[PDB]
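Novice: Structure provided below as structure tokens; questions to follow.
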Amino acid sequence: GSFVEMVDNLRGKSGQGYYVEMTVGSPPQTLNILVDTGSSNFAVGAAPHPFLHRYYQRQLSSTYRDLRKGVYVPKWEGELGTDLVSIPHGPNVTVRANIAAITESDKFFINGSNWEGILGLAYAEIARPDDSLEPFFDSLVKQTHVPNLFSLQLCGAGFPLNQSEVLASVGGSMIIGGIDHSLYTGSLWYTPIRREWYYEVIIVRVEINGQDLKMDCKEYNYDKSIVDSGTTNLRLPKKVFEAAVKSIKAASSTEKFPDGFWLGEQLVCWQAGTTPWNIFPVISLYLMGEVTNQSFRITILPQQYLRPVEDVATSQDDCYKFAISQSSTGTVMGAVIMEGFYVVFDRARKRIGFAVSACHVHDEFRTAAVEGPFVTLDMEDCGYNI
Ligand SMILES: CCCCNC(=O)NCc1ccc(CN2C(=N)N[C@](C)(CC(C)C)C2=O)cc1
């Protein structure tokens, strides 16, 4: 591991998000910021809010610059400006970046998440108000010698973290500008970034316990497939969700679960330590490789797709919610999927790499996997075109 200063710089969990500490302004104002690969704005609470115990105070920053422009994101509303920004446990550089000062929000801030802002790591094409508002990471690369690449190791604990535990627990690593080899095992496999807006990829095959879901592969990427640390669940296009759940139910049929469970609404609980991991199937997603007609697969365990939640009775049972849900906006590889892997966002080579995470939760019989190569034909046809 060559980036020790950035290792273990994240805190949080799949349900409320993973955040990194940042400073804004002069003198520096410390804030916890949500790491979000599904958006492109750097936005921070800038006014009192029931869920914020701190916020950005523009009038206290000598380096604050007002852009005299508003921003609306449906929801949070803010005022645009720029100021000096740093990441304490990151590259030792300070950059001037766009900052949306959030003055009004509805259902944005999560009570107890411990984060006061969001760091949108995706491309300018999806930045608000428009693509002229340069994203933080673009500013970082243009102003310093930091390589145009970042990598994420999101670490789920595999069990419920209480309010004090989640504050004292290491939730992972965001390595800015590099790849740290201590964060993964095995090999890194790269899939093309299809287009630079969201981190868009193409899924070419889906298996549940080795059984091909057998759908037209365009179904898997309807209308797009993205990697999004700001989303908790693995989200799947309606028809793919329906087929995947049918197959997961069939594989786990030795136990009957209520419809509320499959809807991701209700928790299921087992006596402490008796969770029947083995009756649940592994899920494999085949991703387009960098070599023509070649793919690789990432395989996740139920330890990833069943999200630990504290029993409504705080009892000693191990409880979980089904963390796979339907989408009307395409496939979303959210935090529960990212928890199984070390994910490399190689902006410079327009590719995303996957490797088994050194912190993924597993059991003595099965482990998450990243394997390849596999011969796969017509993968360009798996992409969706409006
Ligand atoms: C931080 C986790 C919140 C709870 N877990 C979810 O799964 N909640 C649903 C959900 C649906 C879609 C998105 C996509 N998404 C983002 N990735 N970023 C924004 C622009 C803002 C987000 C971060 C609030 C957004 O709407 C994000 C979250």
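Residues in the structure tokens are numbered from 1 in each chain, the chains being A, B, ... in the order shown, and ligands are numbered from 1 in the order shown.
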Could I get the residues of chain A with an atom no further than 6 Å from an atom of ligand 1, each paired with its nearest atom pair and that distance in Å to one decimal, using only C-alpha atoms and all ligand atoms, sorted by chain and residue number, as JSON lines?
Specialist:
{"residue": "A:15", "atom": "CA", "partner": "ligand 1", "partner_atom_place_in_ligand_line": "5 (N)", "distance": 5.3}
{"residue": "A:16", "atom": "CA", "partner": "ligand 1", "partner_atom_place_in_ligand_line": "2 (C)", "distance": 4.6}
{"residue": "A:17", "atom": "CA", "partner": "ligand 1", "partner_atom_place_in_ligand_line": "1 (C)", "distance": 4.2}
{"residue": "A:36", "atom": "CA", "partner": "ligand 1", "partner_atom_place_in_ligand_line": "17 (N)", "distance": 5.7}
{"residue": "A:38", "atom": "CA", "partner": "ligand 1", "partner_atom_place_in_ligand_line": "17 (N)", "distance": 3.7}
{"residue": "A:39", "atom": "CA", "partner": "ligand 1", "partner_atom_place_in_ligand_line": "18 (N)", "distance": 4.9}
{"residue": "A:108", "atom": "CA", "partner": "ligand 1", "partner_atom_place_in_ligand_line": "24 (C)", "distance": 5.8}
{"residue": "A:228", "atom": "CA", "partner": "ligand 1", "partner_atom_place_in_ligand_line": "17 (N)", "distance": 5.6}
{"residue": "A:230", "atom": "CA", "partner": "ligand 1", "partner_atom_place_in_ligand_line": "17 (N)", "distance": 3.8}
{"residue": "A:231", "atom": "CA", "partner": "ligand 1", "partner_atom_place_in_ligand_line": "7 (O)", "distance": 3.6}
{"residue": "A:232", "atom": "CA", "partner": "ligand 1", "partner_atom_place_in_ligand_line": "7 (O)", "distance": 3.8}
{"residue": "A:233", "atom": "CA", "partner": "ligand 1", "partner_atom_place_in_ligand_line": "7 (O)", "distance": 5.6}
Novice: Give me, as number ranges by chain, all polymer residues having an atom no more than 9 Å from range 323-327 of chain A, counting only C-alpha atoms and skipping those fewer than 3 positions away in the same chain.
Specialist: A: 232-242, 245, 262-264, 304-307, 320, 330-332, 336
Novice: Please, what distance in Å, to one decimal, runs between CA of residue 91 in chain A and CA of residue 140 in chain A?
Specialist: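 Interatomic distance, CA of residue 91 in chain A to CA of residue 140 in chain A: 9.9 Å.
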Novice: Which residues in range 24-121 of chain A does DSSP call strand (DSSP E or B)? List them as number ranges by chain.
Specialist: A: 24, 29-36, 42-45, 65-73, 76-86, 95-105, 117-120
Novice: Rounded to one decimal, what separation in Å do you get between CA of residue 4 in chain A and CA of residue 333 in chain A?
Specialist: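 Pair CA of residue 4 in chain A / CA of residue 333 in chain A returns 27.0 Å.
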Novice: Excluding residue 168 in chain A and its own-chain neighbours fewer than 4 positions away, which residues fall within 12 Å of it when counting only C-alpha atoms? Please give them as a ChimeraX atom specification.
Specialist: /A:8-12,114,161-164
Novice: Put those residues in a file: N, CA, C and O atoms, as a PDB file, in the first residue's frame.
Specialist:
ATOM      1  N   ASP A   8      -8.208   4.229   5.113  1.00  0.00           N
ATOM      2  CA  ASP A   8      -9.075   4.359   6.273  1.00  0.00           C
ATOM      3  C   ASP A   8      -9.593   5.777   6.523  1.00  0.00           C
ATOM      4  O   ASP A   8      -9.872   6.144   7.666  1.00  0.00           O
ATOM      5  N   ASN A   9      -9.716   6.574   5.463  1.00  0.00           N
ATOM      6  CA  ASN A   9     -10.194   7.950   5.609  1.00  0.00           C
ATOM      7  C   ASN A   9     -11.711   8.098   5.491  1.00  0.00           C
ATOM      8  O   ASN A   9     -12.235   9.212   5.534  1.00  0.00           O
ATOM      9  N   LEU A  10     -12.415   6.980   5.342  1.00  0.00           N
ATOM     10  CA  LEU A  10     -13.869   7.021   5.231  1.00  0.00           C
ATOM     11  C   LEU A  10     -14.567   6.476   6.467  1.00  0.00           C
ATOM     12  O   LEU A  10     -14.025   5.643   7.190  1.00  0.00           O
ATOM     13  N   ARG A  11     -15.767   6.993   6.701  1.00  0.00           N
ATOM     14  CA  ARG A  11     -16.659   6.549   7.762  1.00  0.00           C
ATOM     15  C   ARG A  11     -18.071   6.457   7.200  1.00  0.00           C
ATOM     16  O   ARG A  11     -18.373   7.067   6.177  1.00  0.00           O
ATOM     17  N   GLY A  12     -18.923   5.675   7.852  1.00  0.00           N
ATOM     18  CA  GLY A  12     -20.286   5.554   7.371  1.00  0.00           C
ATOM     19  C   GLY A  12     -20.732   4.123   7.146  1.00  0.00           C
ATOM     20  O   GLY A  12     -20.123   3.184   7.646  1.00  0.00           O
ATOM     21  N   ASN A 114     -24.094  11.959   9.987  1.00  0.00           N
ATOM     22  CA  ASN A 114     -22.895  12.666  10.416  1.00  0.00           C
ATOM     23  C   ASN A 114     -22.214  13.427   9.258  1.00  0.00           C
ATOM     24  O   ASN A 114     -21.105  13.935   9.413  1.00  0.00           O
ATOM     25  N   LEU A 161     -24.235  -1.102  13.178  1.00  0.00           N
ATOM     26  CA  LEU A 161     -23.328  -0.210  13.904  1.00  0.00           C
ATOM     27  C   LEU A 161     -24.211   0.815  14.599  1.00  0.00           C
ATOM     28  O   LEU A 161     -24.989   1.497  13.936  1.00  0.00           O
ATOM     29  N   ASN A 162     -24.115   0.925  15.923  1.00  0.00           N
ATOM     30  CA  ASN A 162     -24.936   1.909  16.623  1.00  0.00           C
ATOM     31  C   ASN A 162     -24.374   3.312  16.413  1.00  0.00           C
ATOM     32  O   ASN A 162     -23.302   3.475  15.827  1.00  0.00           O
ATOM     33  N   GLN A 163     -25.098   4.320  16.887  1.00  0.00           N
ATOM     34  CA  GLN A 163     -24.668   5.703  16.711  1.00  0.00           C
ATOM     35  C   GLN A 163     -23.243   6.007  17.164  1.00  0.00           C
ATOM     36  O   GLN A 163     -22.558   6.814  16.543  1.00  0.00           O
ATOM     37  N   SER A 164     -22.783   5.356  18.229  1.00  0.00           N
ATOM     38  CA  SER A 164     -21.428   5.614  18.713  1.00  0.00           C
ATOM     39  C   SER A 164     -20.415   4.756  17.973  1.00  0.00           C
ATOM     40  O   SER A 164     -19.272   5.154  17.762  1.00  0.00           O
TER      41      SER A 164
END
Novice: For residue 132 in chain A, which residue among A:98, A:297, A:205, A:316 is the nearest when counting only C-alpha atoms?
Specialist: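 Using only C-alpha atoms, residue 132 in chain A sits closest to A:98.
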Novice: Name the residues of range 18-245 of chain A that fall into helix (DSSP H, G or I) according to DSSP on the backbone, using the chain letters and numbers of this document, as a PDB file with N, CA and C atoms, in the first residue's frame.
Specialist:
ATOM      1  N   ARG A  58     -19.856  31.173   5.035  1.00  0.00           N
ATOM      2  CA  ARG A  58     -19.221  31.976   4.017  1.00  0.00           C
ATOM      3  C   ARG A  58     -18.674  33.298   4.504  1.00  0.00           C
ATOM      4  N   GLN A  59     -19.346  33.890   5.483  1.00  0.00           N
ATOM      5  CA  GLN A  59     -18.923  35.193   5.981  1.00  0.00           C
ATOM      6  C   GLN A  59     -17.667  35.099   6.837  1.00  0.00           C
ATOM      7  N   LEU A  60     -17.277  33.877   7.188  1.00  0.00           N
ATOM      8  CA  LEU A  60     -16.080  33.666   8.000  1.00  0.00           C
ATOM      9  C   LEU A  60     -14.869  33.247   7.172  1.00  0.00           C
ATOM     10  N   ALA A 124     -18.864  16.547 -15.515  1.00  0.00           N
ATOM     11  CA  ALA A 124     -19.548  17.822 -15.689  1.00  0.00           C
ATOM     12  C   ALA A 124     -20.842  17.714 -16.477  1.00  0.00           C
ATOM     13  N   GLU A 125     -20.951  16.722 -17.352  1.00  0.00           N
ATOM     14  CA  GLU A 125     -22.166  16.614 -18.145  1.00  0.00           C
ATOM     15  C   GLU A 125     -23.438  16.571 -17.302  1.00  0.00           C
ATOM     16  N   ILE A 126     -23.349  16.071 -16.068  1.00  0.00           N
ATOM     17  CA  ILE A 126     -24.534  16.014 -15.225  1.00  0.00           C
ATOM     18  C   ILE A 126     -24.503  17.007 -14.056  1.00  0.00           C
ATOM     19  N   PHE A 136     -15.579  19.256  -8.680  1.00  0.00           N
ATOM     20  CA  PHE A 136     -14.413  19.265  -7.811  1.00  0.00           C
ATOM     21  C   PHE A 136     -13.205  18.481  -8.305  1.00  0.00           C
ATOM     22  N   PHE A 137     -13.428  17.268  -8.794  1.00  0.00           N
ATOM     23  CA  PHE A 137     -12.270  16.463  -9.130  1.00  0.00           C
ATOM     24  C   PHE A 137     -11.580  17.021 -10.382  1.00  0.00           C
ATOM     25  N   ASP A 138     -12.356  17.660 -11.258  1.00  0.00           N
ATOM     26  CA  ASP A 138     -11.777  18.268 -12.461  1.00  0.00           C
ATOM     27  C   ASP A 138     -10.883  19.431 -12.026  1.00  0.00           C
ATOM     28  N   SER A 139     -11.341  20.189 -11.037  1.00  0.00           N
ATOM     29  CA  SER A 139     -10.553  21.318 -10.539  1.00  0.00           C
ATOM     30  C   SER A 139      -9.270  20.794  -9.899  1.00  0.00           C
ATOM     31  N   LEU A 140      -9.410  19.723  -9.122  1.00  0.00           N
ATOM     32  CA  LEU A 140      -8.278  19.118  -8.440  1.00  0.00           C
ATOM     33  C   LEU A 140      -7.178  18.725  -9.427  1.00  0.00           C
ATOM     34  N   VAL A 141      -7.568  18.048 -10.503  1.00  0.00           N
ATOM     35  CA  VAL A 141      -6.605  17.605 -11.501  1.00  0.00           C
ATOM     36  C   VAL A 141      -6.022  18.733 -12.332  1.00  0.00           C
ATOM     37  N   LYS A 142      -6.824  19.744 -12.629  1.00  0.00           N
ATOM     38  CA  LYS A 142      -6.327  20.854 -13.437  1.00  0.00           C
ATOM     39  C   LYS A 142      -5.387  21.785 -12.665  1.00  0.00           C
ATOM     40  N   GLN A 143      -5.561  21.835 -11.354  1.00  0.00           N
ATOM     41  CA  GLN A 143      -4.761  22.718 -10.510  1.00  0.00           C
ATOM     42  C   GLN A 143      -3.564  22.077  -9.819  1.00  0.00           C
ATOM     43  N   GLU A 165     -20.847   3.573  17.565  1.00  0.00           N
ATOM     44  CA  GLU A 165     -19.963   2.667  16.855  1.00  0.00           C
ATOM     45  C   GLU A 165     -19.650   3.160  15.447  1.00  0.00           C
ATOM     46  N   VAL A 166     -20.646   3.713  14.768  1.00  0.00           N
ATOM     47  CA  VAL A 166     -20.406   4.161  13.407  1.00  0.00           C
ATOM     48  C   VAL A 166     -19.522   5.407  13.397  1.00  0.00           C
ATOM     49  N   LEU A 167     -19.433   6.103  14.526  1.00  0.00           N
ATOM     50  CA  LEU A 167     -18.583   7.290  14.580  1.00  0.00           C
ATOM     51  C   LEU A 167     -17.142   6.911  14.866  1.00  0.00           C
ATOM     52  N   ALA A 168     -16.947   5.758  15.501  1.00  0.00           N
ATOM     53  CA  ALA A 168     -15.609   5.312  15.870  1.00  0.00           C
ATOM     54  C   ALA A 168     -15.046   4.230  14.958  1.00  0.00           C
ATOM     55  N   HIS A 181      -2.541  -1.100  -3.264  1.00  0.00           N
ATOM     56  CA  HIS A 181      -2.603  -2.558  -3.326  1.00  0.00           C
ATOM     57  C   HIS A 181      -2.963  -3.323  -2.052  1.00  0.00           C
ATOM     58  N   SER A 182      -3.004  -2.654  -0.903  1.00  0.00           N
ATOM     59  CA  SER A 182      -3.341  -3.368   0.324  1.00  0.00           C
ATOM     60  C   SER A 182      -4.853  -3.479   0.474  1.00  0.00           C
ATOM     61  N   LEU A 183      -5.580  -2.786  -0.393  1.00  0.00           N
ATOM     62  CA  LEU A 183      -7.033  -2.755  -0.291  1.00  0.00           C
ATOM     63  C   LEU A 183      -7.771  -3.858  -1.039  1.00  0.00           C
ATOM     64  N   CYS A 217     -29.556  -9.013 -23.274  1.00  0.00           N
ATOM     65  CA  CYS A 217     -28.672  -8.182 -22.463  1.00  0.00           C
ATOM     66  C   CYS A 217     -28.973  -6.684 -22.458  1.00  0.00           C
ATOM     67  N   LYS A 218     -29.738  -6.186 -23.432  1.00  0.00           N
ATOM     68  CA  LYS A 218     -30.083  -4.763 -23.407  1.00  0.00           C
ATOM     69  C   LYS A 218     -30.968  -4.474 -22.204  1.00  0.00           C
ATOM     70  N   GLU A 219     -31.675  -5.501 -21.745  1.00  0.00           N
ATOM     71  CA  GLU A 219     -32.553  -5.373 -20.589  1.00  0.00           C
ATOM     72  C   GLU A 219     -31.767  -4.942 -19.369  1.00  0.00           C
ATOM     73  N   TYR A 220     -30.544  -5.445 -19.282  1.00  0.00           N
ATOM     74  CA  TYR A 220     -29.672  -5.197 -18.142  1.00  0.00           C
ATOM     75  C   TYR A 220     -29.163  -3.767 -18.064  1.00  0.00           C
ATOM     76  N   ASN A 221     -29.198  -3.066 -19.193  1.00  0.00           N
ATOM     77  CA  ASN A 221     -28.655  -1.715 -19.262  1.00  0.00           C
ATOM     78  C   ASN A 221     -29.714  -0.712 -19.714  1.00  0.00           C
ATOM     79  N   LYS A 238     -36.917  -2.668 -13.943  1.00  0.00           N
ATOM     80  CA  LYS A 238     -38.106  -3.426 -13.566  1.00  0.00           C
ATOM     81  C   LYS A 238     -38.178  -4.889 -14.026  1.00  0.00           C
ATOM     82  N   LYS A 239     -37.980  -5.157 -15.316  1.00  0.00           N
ATOM     83  CA  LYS A 239     -38.092  -6.542 -15.788  1.00  0.00           C
ATOM     84  C   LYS A 239     -36.949  -7.430 -15.288  1.00  0.00           C
ATOM     85  N   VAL A 240     -35.775  -6.838 -15.118  1.00  0.00           N
ATOM     86  CA  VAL A 240     -34.617  -7.592 -14.657  1.00  0.00           C
ATOM     87  C   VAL A 240     -34.808  -7.868 -13.171  1.00  0.00           C
ATOM     88  N   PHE A 241     -35.345  -6.887 -12.453  1.00  0.00           N
ATOM     89  CA  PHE A 241     -35.630  -7.060 -11.033  1.00  0.00           C
ATOM     90  C   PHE A 241     -36.595  -8.228 -10.841  1.00  0.00           C
ATOM     91  N   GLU A 242     -37.662  -8.228 -11.628  1.00  0.00           N
ATOM     92  CA  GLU A 242     -38.653  -9.284 -11.523  1.00  0.00           C
ATOM     93  C   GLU A 242     -38.057 -10.658 -11.788  1.00  0.00           C
ATOM     94  N   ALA A 243     -37.201 -10.762 -12.799  1.00  0.00           N
ATOM     95  CA  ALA A 243     -36.577 -12.038 -13.136  1.00  0.00           C
ATOM     96  C   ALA A 243     -35.552 -12.456 -12.089  1.00  0.00           C
ATOM     97  N   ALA A 244     -34.766 -11.496 -11.603  1.00  0.00           N
ATOM     98  CA  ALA A 244     -33.755 -11.792 -10.597  1.00  0.00           C
ATOM     99  C   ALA A 244     -34.389 -12.233  -9.282  1.00  0.00           C
ATOM    100  N   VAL A 245     -35.455 -11.560  -8.869  1.00  0.00           N
ATOM    101  CA  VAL A 245     -36.108 -11.951  -7.626  1.00  0.00           C
ATOM    102  C   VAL A 245     -36.729 -13.333  -7.758  1.00  0.00           C
TER     103      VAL A 245
END
Novice: Could you check the closest approach to residue 70 in chain A for each of A:121, A:100, A:174, A:313 and tell me which residue wins, using only C-alpha atoms?
Specialist: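 Ranked by minimum distance to residue 70 in chain A, first place goes to A:100.
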Novice: Nearest to residue 363 in chain A: which of A:211, A:225, A:278, A:314 is it, counting only C-alpha atoms?
Specialist: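 Among the listed residues, A:278 lies closest to residue 363 in chain A.
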